[PDB]
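Data block for protein.csv (CSV, C-alpha atoms and all ligand atoms):
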```csv
chain,number,residue,atom,x,y,z
A,32,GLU,CA,96.1,120.3,97.9
A,33,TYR,CA,99.7,119.6,97.1
A,34,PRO,CA,100.5,116.0,96.3
A,35,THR,CA,102.0,113.9,99.0
A,36,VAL,CA,104.5,111.1,99.0
A,37,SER,CA,101.6,108.7,99.9
A,38,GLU,CA,99.7,109.8,96.8
A,39,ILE,CA,102.4,109.1,94.2
A,40,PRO,CA,103.6,105.6,93.3
A,41,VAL,CA,107.3,105.5,92.4
A,42,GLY,CA,107.6,105.7,88.6
A,43,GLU,CA,104.7,108.2,88.5
A,44,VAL,CA,105.0,111.9,88.3
A,45,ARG,CA,102.4,114.6,89.3
A,46,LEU,CA,102.3,118.2,88.1
A,47,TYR,CA,101.0,121.0,90.3
A,48,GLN,CA,100.2,124.4,88.8
A,49,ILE,CA,101.5,127.1,91.1
A,50,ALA,CA,100.7,130.1,89.0
A,51,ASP,CA,100.0,130.8,85.3
A,52,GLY,CA,102.7,129.2,83.3
A,53,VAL,CA,104.5,127.7,86.4
A,54,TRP,CA,104.2,124.2,87.7
A,55,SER,CA,106.1,122.0,90.1
A,56,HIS,CA,106.7,118.4,89.2
A,57,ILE,CA,106.6,115.8,92.1
A,58,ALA,CA,108.1,112.3,91.9
A,59,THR,CA,109.1,109.7,94.5
A,60,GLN,CA,112.0,107.3,95.2
A,61,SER,CA,112.5,104.5,97.7
A,62,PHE,CA,115.6,104.5,99.9
A,63,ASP,CA,116.5,102.3,102.9
A,64,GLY,CA,112.9,101.1,102.9
A,65,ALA,CA,111.2,104.5,103.1
A,66,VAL,CA,109.7,106.6,100.3
A,67,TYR,CA,110.8,110.2,99.6
A,68,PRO,CA,109.2,112.9,97.5
A,69,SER,CA,111.1,115.3,95.3
A,70,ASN,CA,110.2,118.5,93.6
A,71,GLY,CA,111.3,120.3,90.4
A,72,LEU,CA,109.9,123.2,88.4
A,73,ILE,CA,108.4,123.8,84.9
A,74,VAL,CA,108.2,127.3,83.5
A,75,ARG,CA,106.5,128.4,80.3
A,76,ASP,CA,108.8,130.3,78.0
A,77,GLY,CA,106.5,131.4,75.2
A,78,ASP,CA,105.6,128.3,73.2
A,79,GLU,CA,108.3,126.2,74.9
A,80,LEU,CA,109.0,125.0,78.5
A,81,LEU,CA,112.0,125.4,80.7
A,82,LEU,CA,112.5,122.4,83.1
A,83,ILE,CA,114.2,122.8,86.5
A,84,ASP,CA,115.7,119.5,87.7
A,85,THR,CA,115.0,115.9,86.7
A,86,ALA,CA,112.4,113.8,88.4
A,87,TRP,CA,115.1,111.8,90.3
A,88,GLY,CA,116.0,108.9,88.0
A,89,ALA,CA,115.7,107.8,84.4
A,90,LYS,CA,112.3,106.1,84.8
A,91,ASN,CA,110.8,108.9,86.7
A,92,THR,CA,112.1,111.5,84.2
A,93,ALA,CA,110.7,109.6,81.2
A,94,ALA,CA,107.4,109.6,83.0
A,95,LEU,CA,107.8,113.3,83.6
A,96,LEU,CA,108.2,114.0,79.9
A,97,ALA,CA,105.2,111.9,79.1
A,98,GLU,CA,103.1,113.7,81.8
A,99,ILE,CA,104.2,117.1,80.4
A,100,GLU,CA,103.3,116.1,76.9
A,101,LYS,CA,99.8,114.9,78.1
A,102,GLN,CA,98.9,117.8,80.5
A,103,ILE,CA,100.7,120.8,78.9
A,104,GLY,CA,101.6,119.8,75.4
A,105,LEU,CA,104.5,122.2,74.8
A,106,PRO,CA,108.0,121.1,74.1
A,107,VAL,CA,110.7,121.0,76.9
A,108,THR,CA,113.6,122.7,75.1
A,109,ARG,CA,116.0,123.3,78.0
A,110,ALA,CA,116.6,121.9,81.4
A,111,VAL,CA,118.7,123.3,84.4
A,112,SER,CA,120.0,121.1,87.2
A,113,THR,CA,120.4,123.0,90.4
A,114,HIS,CA,123.0,120.8,92.0
A,115,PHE,CA,124.9,117.6,91.3
A,116,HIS,CA,122.8,115.0,93.3
A,117,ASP,CA,120.8,112.3,91.6
A,118,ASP,CA,117.4,114.0,92.3
A,119,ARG,CA,118.6,116.9,90.1
A,120,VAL,CA,120.7,115.2,87.4
A,121,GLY,CA,119.4,111.6,87.5
A,122,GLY,CA,117.6,111.5,84.2
A,123,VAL,CA,119.8,114.0,82.3
A,124,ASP,CA,120.6,111.2,79.8
A,125,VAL,CA,116.8,110.6,79.2
A,126,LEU,CA,116.4,114.4,78.7
A,127,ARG,CA,119.3,114.6,76.3
A,128,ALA,CA,118.1,111.6,74.2
A,129,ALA,CA,114.8,113.3,73.9
A,130,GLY,CA,116.4,116.4,72.4
A,131,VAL,CA,116.3,118.6,75.6
A,132,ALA,CA,119.4,120.9,76.0
A,133,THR,CA,120.7,120.3,79.5
A,134,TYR,CA,122.5,122.9,81.6
A,135,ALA,CA,124.3,123.2,84.9
A,136,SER,CA,127.0,125.4,86.4
A,137,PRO,CA,130.5,124.3,85.8
A,138,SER,CA,130.7,123.6,89.5
A,139,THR,CA,127.7,121.2,89.3
A,140,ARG,CA,129.1,119.5,86.2
A,141,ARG,CA,132.4,118.9,87.9
A,142,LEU,CA,130.9,117.5,91.1
A,143,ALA,CA,128.5,115.3,89.1
A,144,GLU,CA,131.5,113.8,87.2
A,145,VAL,CA,133.4,113.1,90.4
A,146,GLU,CA,130.3,111.4,91.9
A,147,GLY,CA,129.9,109.3,88.7
A,148,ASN,CA,126.4,110.9,88.2
A,149,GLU,CA,124.9,112.0,84.9
A,150,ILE,CA,126.4,115.3,83.6
A,151,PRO,CA,124.4,118.1,82.0
A,152,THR,CA,125.8,119.1,78.6
A,153,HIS,CA,126.0,122.9,78.7
A,154,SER,CA,127.8,125.1,81.3
A,155,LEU,CA,126.1,128.1,82.8
A,156,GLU,CA,128.4,131.1,83.0
A,157,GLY,CA,128.1,133.9,85.5
A,158,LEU,CA,127.3,132.0,88.7
A,159,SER,CA,130.7,131.4,90.2
A,160,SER,CA,130.5,133.8,93.1
A,161,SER,CA,128.1,134.0,96.0
A,162,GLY,CA,125.4,136.6,95.1
A,163,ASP,CA,125.7,136.1,91.3
A,164,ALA,CA,122.5,136.0,89.3
A,165,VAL,CA,121.8,135.5,85.6
A,166,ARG,CA,118.7,135.5,83.5
A,167,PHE,CA,117.9,132.2,81.7
A,168,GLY,CA,114.8,132.4,79.6
A,169,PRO,CA,111.8,133.2,81.9
A,170,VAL,CA,113.7,132.7,85.2
A,171,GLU,CA,116.6,134.2,87.1
A,172,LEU,CA,119.2,131.8,88.3
A,173,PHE,CA,121.0,132.7,91.6
A,174,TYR,CA,124.0,131.3,93.3
A,175,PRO,CA,123.5,132.1,97.0
A,176,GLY,CA,126.7,130.5,98.2
A,177,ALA,CA,127.4,127.0,99.6
A,178,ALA,CA,124.6,125.5,101.6
A,179,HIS,CA,123.1,122.0,101.0
A,180,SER,CA,126.0,121.6,98.5
A,181,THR,CA,128.8,123.9,97.4
A,182,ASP,CA,127.1,124.3,93.9
A,183,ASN,CA,123.5,124.7,94.8
A,184,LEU,CA,121.5,127.2,92.7
A,185,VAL,CA,118.1,128.7,93.4
A,186,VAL,CA,115.6,129.8,90.7
A,187,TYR,CA,113.2,132.8,90.7
A,188,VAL,CA,110.2,133.3,88.3
A,189,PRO,CA,109.6,137.1,88.4
A,190,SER,CA,106.3,136.9,86.6
A,191,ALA,CA,104.8,134.7,89.3
A,192,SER,CA,107.0,135.6,92.4
A,193,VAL,CA,107.9,131.9,92.7
A,194,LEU,CA,111.1,131.1,94.4
A,195,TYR,CA,112.4,127.6,93.9
A,196,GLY,CA,114.9,126.9,96.6
A,197,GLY,CA,115.9,123.4,95.7
A,198,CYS,CA,117.5,121.3,98.3
A,199,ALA,CA,119.1,124.3,100.0
A,200,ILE,CA,115.5,125.0,101.4
A,201,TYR,CA,113.7,122.6,103.7
A,202,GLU,CA,110.0,122.1,104.0
A,203,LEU,CA,108.4,123.1,107.4
A,204,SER,CA,107.7,119.5,108.3
A,205,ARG,CA,111.4,118.6,108.2
A,206,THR,CA,112.6,119.1,111.7
A,207,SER,CA,116.1,117.6,111.5
A,208,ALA,CA,118.8,117.8,108.8
A,209,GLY,CA,118.5,115.6,105.8
A,210,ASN,CA,121.5,114.6,103.6
A,211,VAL,CA,124.3,116.9,104.6
A,212,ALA,CA,127.3,114.9,103.5
A,213,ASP,CA,128.1,117.5,100.8
A,214,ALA,CA,126.9,120.6,102.7
A,215,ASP,CA,128.7,123.6,104.0
A,216,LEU,CA,126.9,123.9,107.3
A,217,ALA,CA,129.0,126.9,108.3
A,218,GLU,CA,127.9,128.9,105.3
A,219,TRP,CA,124.4,127.7,104.9
A,220,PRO,CA,122.7,130.4,107.1
A,221,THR,CA,124.6,133.2,105.3
A,222,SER,CA,123.6,131.8,101.9
A,223,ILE,CA,120.0,131.7,103.0
A,224,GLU,CA,120.3,135.3,104.1
A,225,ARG,CA,121.5,136.2,100.5
A,226,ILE,CA,118.3,134.5,99.2
A,227,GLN,CA,116.1,136.6,101.5
A,228,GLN,CA,118.0,139.8,100.5
A,229,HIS,CA,117.6,139.1,96.8
A,230,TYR,CA,114.0,137.8,96.7
A,231,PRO,CA,112.1,139.5,99.6
A,232,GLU,CA,109.0,139.7,97.5
A,233,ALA,CA,108.7,136.0,96.9
A,234,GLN,CA,105.1,134.8,97.4
A,235,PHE,CA,105.6,131.0,96.9
A,236,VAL,CA,108.7,129.1,98.1
A,237,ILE,CA,109.3,125.6,96.8
A,238,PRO,CA,111.7,123.3,98.7
A,239,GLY,CA,113.6,120.5,97.0
A,240,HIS,CA,111.5,118.0,98.9
A,241,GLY,CA,108.0,118.4,100.2
A,242,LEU,CA,105.4,121.0,100.6
A,243,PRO,CA,105.7,124.6,99.3
A,244,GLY,CA,105.2,127.6,101.6
A,245,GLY,CA,106.2,131.1,102.0
A,246,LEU,CA,109.5,132.8,102.9
A,247,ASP,CA,109.2,131.4,106.4
A,248,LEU,CA,110.8,128.3,104.9
A,249,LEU,CA,114.1,130.2,104.8
A,250,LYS,CA,114.3,130.9,108.5
A,251,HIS,CA,112.9,127.4,109.2
A,252,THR,CA,115.8,125.9,107.2
A,253,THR,CA,118.3,128.1,109.1
A,254,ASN,CA,116.9,126.9,112.4
A,255,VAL,CA,117.2,123.3,111.5
A,256,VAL,CA,120.7,123.7,110.1
A,257,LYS,CA,121.9,125.6,113.2
A,258,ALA,CA,120.4,122.9,115.4
A,259,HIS,CA,122.3,120.2,113.5
A,260,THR,CA,125.5,122.3,113.7
A,261,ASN,CA,125.2,122.2,117.5
A,262,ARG,CA,124.2,118.5,117.7
B,301,LIG,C1,118.6,112.0,96.9
B,301,LIG,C2,118.5,113.3,97.7
B,301,LIG,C3,119.6,114.3,97.3
B,301,LIG,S1,119.4,115.9,98.1
B,301,LIG,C4,118.6,112.9,99.2
B,301,LIG,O1,119.7,112.6,99.5
B,301,LIG,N1,117.5,112.9,100.1
B,301,LIG,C5,117.5,112.6,101.5
B,301,LIG,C6,117.2,111.1,101.8
B,301,LIG,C7,118.4,110.3,101.3
B,301,LIG,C8,119.7,110.3,101.8
B,301,LIG,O2,120.5,109.5,101.1
B,301,LIG,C9,119.7,109.0,100.1
B,301,LIG,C10,120.0,108.1,99.0
B,301,LIG,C11,119.0,107.7,98.1
B,301,LIG,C12,117.8,108.2,98.2
B,301,LIG,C13,117.4,109.1,99.2
B,301,LIG,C14,118.4,109.5,100.2
B,301,LIG,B1,116.4,113.4,102.3
B,301,LIG,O3,115.4,114.0,101.7
B,301,LIG,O4,116.2,113.0,103.6
B,302,ZN,ZN,121.1,117.2,97.2
B,303,ZN,ZN,117.4,116.8,97.2
```

Using structure tokens, write down the structure from this file.
Amino acid sequence: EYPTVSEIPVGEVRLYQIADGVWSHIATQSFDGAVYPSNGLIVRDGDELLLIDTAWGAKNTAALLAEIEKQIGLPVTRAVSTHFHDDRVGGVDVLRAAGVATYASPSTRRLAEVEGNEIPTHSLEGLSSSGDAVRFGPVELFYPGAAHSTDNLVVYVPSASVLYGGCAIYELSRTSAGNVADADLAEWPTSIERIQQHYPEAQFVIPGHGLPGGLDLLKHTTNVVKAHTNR
């Protein structure tokens, strides 16, 4: 069973093995009196690990590194943040201090700077146009176009057919739009269509928040986004 927000105290991180050499990491944060879960990804890269996204804050990300060391015991050598919000870059400074090379698109780095958030060190080239993909270690990085944010990336693990949608993809239990202050609602369905066209064989789809599923999560997200558009 996938861990639930009720099963994780803030400050703690859980790892969930999705496939051989692929885990998600699950952490929580409190906001306006409620508690929210957040997902990232860990992908084995030979004798090293690639991290996708922080665990939403410095304290959570330190706990993430400690949990990885305890449960997996391979070094996190690189980390990619998939958009500029704090559940993706919050903790970049902890990663950097630990010797992890941190990466994001130049779009994400710019938006993080404007927002006053932590800024990944390295800039990922080749992701500037909708439909662009690049290989990064054991994963493919894909820019589907603007959606949840103008910079959002998705991540595919070809060995395991795992699609990590980040916060551009909603879990099935989310029936109404979440944080859309930085979204391109008009482009979001089209961007989702690009994901479906590029990764039709995906067997596991991980949203930025909540429970994984299959490719149904893409149409689900389009339905919620379009309903919000028409509010
Ligand atoms: C942090 C994350 C970036 S995508 C996010 O905004 N999550 C939404 C809840 C939320 C809105 O504004 C916040 C501010 C702080 C914490 C949580 C939130 B949601 O899942 O409904
Ligand atoms: Zn976000
Ligand atoms: Zn998010």

Tell me, as an MDAnalysis selection string, which residues lie within 9 Å of residue 124 in chain A, counting all atoms listed in the file; anything in the same chain fewer than 5 positions away does not count.
chainID A and resid 89 129 149:151

Which protein, DNA or RNA residues have an atom within 6 Å of ligand LIG 301 (chain B), counting only C-alpha atoms and all ligand atoms, as an MDAnalysis selection string?
chainID A and resid 62 116:118 198 209:210

Residues within 6 Å of (118.7, 124.9, 81.1), file coordinates, counting all atoms listed in the file: what are they? Give the list as a ChimeraX atom specification.
/A:109-111,133-134

Protein and nucleic residues near ligand ZN 302 (chain B), 12 Å, only C-alpha atoms and all ligand atoms, as a short mmCIF file (atom, residue, chain, number, x, y, z; two decimals) with C-alpha atoms, in the coordinates of the input:
```cif
data_model
loop_
_atom_site.label_atom_id
_atom_site.label_comp_id
_atom_site.auth_asym_id
_atom_site.auth_seq_id
_atom_site.Cartn_x
_atom_site.Cartn_y
_atom_site.Cartn_z
CA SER A 69 111.10 115.30 95.30
CA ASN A 70 110.20 118.50 93.60
CA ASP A 84 115.70 119.50 87.70
CA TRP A 87 115.10 111.80 90.30
CA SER A 112 120.00 121.10 87.20
CA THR A 113 120.40 123.00 90.40
CA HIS A 114 123.00 120.80 92.00
CA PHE A 115 124.90 117.60 91.30
CA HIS A 116 122.80 115.00 93.30
CA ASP A 117 120.80 112.30 91.60
CA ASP A 118 117.40 114.00 92.30
CA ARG A 119 118.60 116.90 90.10
CA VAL A 120 120.70 115.20 87.40
CA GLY A 121 119.40 111.60 87.50
CA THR A 139 127.70 121.20 89.30
CA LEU A 142 130.90 117.50 91.10
CA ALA A 143 128.50 115.30 89.10
CA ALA A 177 127.40 127.00 99.60
CA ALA A 178 124.60 125.50 101.60
CA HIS A 179 123.10 122.00 101.00
CA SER A 180 126.00 121.60 98.50
CA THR A 181 128.80 123.90 97.40
CA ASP A 182 127.10 124.30 93.90
CA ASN A 183 123.50 124.70 94.80
CA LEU A 184 121.50 127.20 92.70
CA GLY A 196 114.90 126.90 96.60
CA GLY A 197 115.90 123.40 95.70
CA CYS A 198 117.50 121.30 98.30
CA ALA A 199 119.10 124.30 100.00
CA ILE A 200 115.50 125.00 101.40
CA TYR A 201 113.70 122.60 103.70
CA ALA A 208 118.80 117.80 108.80
CA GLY A 209 118.50 115.60 105.80
CA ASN A 210 121.50 114.60 103.60
CA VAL A 211 124.30 116.90 104.60
CA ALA A 212 127.30 114.90 103.50
CA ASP A 213 128.10 117.50 100.80
CA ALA A 214 126.90 120.60 102.70
CA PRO A 238 111.70 123.30 98.70
CA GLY A 239 113.60 120.50 97.00
CA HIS A 240 111.50 118.00 98.90
#
```

So that I can check the surroundings of range 35-37 of chain A, please list as a compact mmCIF listing (two decimals) with C-alpha atoms, keeping the file's coordinate frame every protein, DNA and RNA residue that reaches within 9 Å of it, counting all atoms listed in the file and ignoring chain neighbours fewer than 6 positions away.
```txt
# COMPACT_ATOMS: atom_id res chain seq x y z
CA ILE A 57 106.60 115.80 92.10
CA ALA A 58 108.10 112.30 91.90
CA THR A 59 109.10 109.70 94.50
CA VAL A 66 109.70 106.60 100.30
CA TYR A 67 110.80 110.20 99.60
CA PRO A 68 109.20 112.90 97.50
CA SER A 69 111.10 115.30 95.30
CA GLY A 241 108.00 118.40 100.20
CA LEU A 242 105.40 121.00 100.60
```

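Checking A:107, A:86, A:96, A:170 one by one against ligand ZN 303 (chain B), counting only C-alpha atoms and all ligand atoms, you find the shortest gap at A:86.
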
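Residue nearest ligand ZN 303 (chain B) within the list A:154, A:221, A:60, A:159: A:60 [criterion: smallest interatomic distance, all atoms listed in the file].
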
Smallest atom-to-atom distance to residue 74 in chain A: which of A:193, A:61, A:100, A:136, using all atoms listed in the file?
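The shortest atom-to-atom distance to residue 74 in chain A comes from A:193.
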
Report, in Å with one decimal, the straight-line distance from CA of residue 102 in chain A to CA of residue 245 in chain A.
26.3 Å

Nearest candidate to ligand ZN 303 (chain B) (options A:55, A:259, A:85, A:231; using only C-alpha atoms and all ligand atoms)
A:85

Can you work out the spacing between CA of residue 185 in chain A and CA of residue 172 in chain A in Å, to one decimal?
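So the answer is 6.1 Å.
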
For range 196-219 of chain A, which lacks atoms in the input, supply N, CA, C and O atoms and format the output as an mmCIF file, in the coordinates of the input.
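See rebuild28.cif below for the written result:
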```cif
data_model
loop_
_atom_site.group_PDB
_atom_site.id
_atom_site.type_symbol
_atom_site.label_atom_id
_atom_site.label_comp_id
_atom_site.auth_asym_id
_atom_site.auth_seq_id
_atom_site.Cartn_x
_atom_site.Cartn_y
_atom_site.Cartn_z
ATOM 1 N N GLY A 196 113.727 126.916 95.854
ATOM 2 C CA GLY A 196 114.900 126.900 96.600
ATOM 3 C C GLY A 196 115.753 125.636 96.423
ATOM 4 O O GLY A 196 116.921 125.591 96.842
ATOM 5 N N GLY A 197 115.179 124.649 95.755
ATOM 6 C CA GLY A 197 115.900 123.400 95.700
ATOM 7 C C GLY A 197 116.219 122.857 97.037
ATOM 8 O O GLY A 197 115.607 123.195 98.054
ATOM 9 N N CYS A 198 117.239 122.016 97.073
ATOM 10 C CA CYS A 198 117.500 121.300 98.300
ATOM 11 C C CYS A 198 118.235 122.108 99.342
ATOM 12 O O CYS A 198 118.402 121.648 100.470
ATOM 13 N N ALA A 199 118.593 123.355 99.018
ATOM 14 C CA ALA A 199 119.100 124.300 100.000
ATOM 15 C C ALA A 199 117.946 124.788 100.952
ATOM 16 O O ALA A 199 118.258 125.413 101.981
ATOM 17 N N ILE A 200 116.670 124.541 100.620
ATOM 18 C CA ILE A 200 115.500 125.000 101.400
ATOM 19 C C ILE A 200 114.747 123.749 101.865
ATOM 20 O O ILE A 200 114.411 122.894 101.037
ATOM 21 N N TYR A 201 114.455 123.668 103.158
ATOM 22 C CA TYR A 201 113.700 122.600 103.700
ATOM 23 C C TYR A 201 112.215 122.904 103.865
ATOM 24 O O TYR A 201 111.849 124.057 104.137
ATOM 25 N N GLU A 202 111.376 121.899 103.670
ATOM 26 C CA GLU A 202 110.000 122.100 104.000
ATOM 27 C C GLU A 202 109.794 122.199 105.528
ATOM 28 O O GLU A 202 110.642 121.775 106.320
ATOM 29 N N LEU A 203 108.668 122.803 105.930
ATOM 30 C CA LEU A 203 108.400 123.100 107.400
ATOM 31 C C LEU A 203 108.320 121.778 108.173
ATOM 32 O O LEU A 203 108.731 121.761 109.338
ATOM 33 N N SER A 204 107.785 120.704 107.598
ATOM 34 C CA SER A 204 107.700 119.500 108.300
ATOM 35 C C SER A 204 109.006 118.749 108.573
ATOM 36 O O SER A 204 109.047 117.807 109.373
ATOM 37 N N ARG A 205 110.091 119.143 107.892
ATOM 38 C CA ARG A 205 111.400 118.600 108.200
ATOM 39 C C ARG A 205 112.015 119.259 109.357
ATOM 40 O O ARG A 205 112.335 120.443 109.285
ATOM 41 N N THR A 206 112.156 118.533 110.466
ATOM 42 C CA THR A 206 112.600 119.100 111.700
ATOM 43 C C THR A 206 114.068 118.824 112.015
ATOM 44 O O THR A 206 114.626 119.441 112.924
ATOM 45 N N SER A 207 114.697 117.933 111.262
ATOM 46 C CA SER A 207 116.100 117.600 111.500
ATOM 47 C C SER A 207 116.764 117.544 110.099
ATOM 48 O O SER A 207 116.113 117.444 109.055
ATOM 49 N N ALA A 208 118.079 117.645 110.110
ATOM 50 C CA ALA A 208 118.800 117.800 108.800
ATOM 51 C C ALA A 208 118.615 116.520 108.001
ATOM 52 O O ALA A 208 118.534 115.401 108.509
ATOM 53 N N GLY A 209 118.542 116.719 106.695
ATOM 54 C CA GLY A 209 118.500 115.600 105.800
ATOM 55 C C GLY A 209 119.954 115.244 105.386
ATOM 56 O O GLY A 209 120.865 115.250 106.225
ATOM 57 N N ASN A 210 120.160 114.945 104.114
ATOM 58 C CA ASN A 210 121.500 114.600 103.600
ATOM 59 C C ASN A 210 122.379 115.786 103.624
ATOM 60 O O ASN A 210 122.198 116.700 102.804
ATOM 61 N N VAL A 211 123.337 115.825 104.552
ATOM 62 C CA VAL A 211 124.300 116.900 104.600
ATOM 63 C C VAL A 211 125.688 116.536 104.350
ATOM 64 O O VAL A 211 126.616 117.284 104.644
ATOM 65 N N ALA A 212 125.889 115.365 103.732
ATOM 66 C CA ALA A 212 127.300 114.900 103.500
ATOM 67 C C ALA A 212 128.064 115.841 102.630
ATOM 68 O O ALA A 212 129.291 115.926 102.783
ATOM 69 N N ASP A 213 127.402 116.580 101.741
ATOM 70 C CA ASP A 213 128.100 117.500 100.800
ATOM 71 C C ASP A 213 127.811 118.955 101.172
ATOM 72 O O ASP A 213 128.150 119.857 100.381
ATOM 73 N N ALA A 214 127.274 119.209 102.360
ATOM 74 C CA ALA A 214 126.900 120.600 102.700
ATOM 75 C C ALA A 214 128.027 121.376 103.288
ATOM 76 O O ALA A 214 129.044 120.854 103.729
ATOM 77 N N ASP A 215 127.823 122.692 103.290
ATOM 78 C CA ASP A 215 128.700 123.600 104.000
ATOM 79 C C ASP A 215 127.805 124.207 105.103
ATOM 80 O O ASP A 215 127.128 125.224 104.939
ATOM 81 N N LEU A 216 127.758 123.486 106.226
ATOM 82 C CA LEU A 216 126.900 123.900 107.300
ATOM 83 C C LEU A 216 127.275 125.296 107.806
ATOM 84 O O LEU A 216 126.410 126.073 108.219
ATOM 85 N N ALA A 217 128.565 125.623 107.771
ATOM 86 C CA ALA A 217 129.000 126.900 108.300
ATOM 87 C C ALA A 217 128.517 128.076 107.496
ATOM 88 O O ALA A 217 128.294 129.160 108.047
ATOM 89 N N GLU A 218 128.349 127.883 106.191
ATOM 90 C CA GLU A 218 127.900 128.900 105.300
ATOM 91 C C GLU A 218 126.450 128.936 105.003
ATOM 92 O O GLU A 218 125.926 129.948 104.517
ATOM 93 N N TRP A 219 125.761 127.858 105.337
ATOM 94 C CA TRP A 219 124.400 127.700 104.900
ATOM 95 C C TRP A 219 123.486 128.828 105.392
ATOM 96 O O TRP A 219 122.733 129.402 104.597
#
```
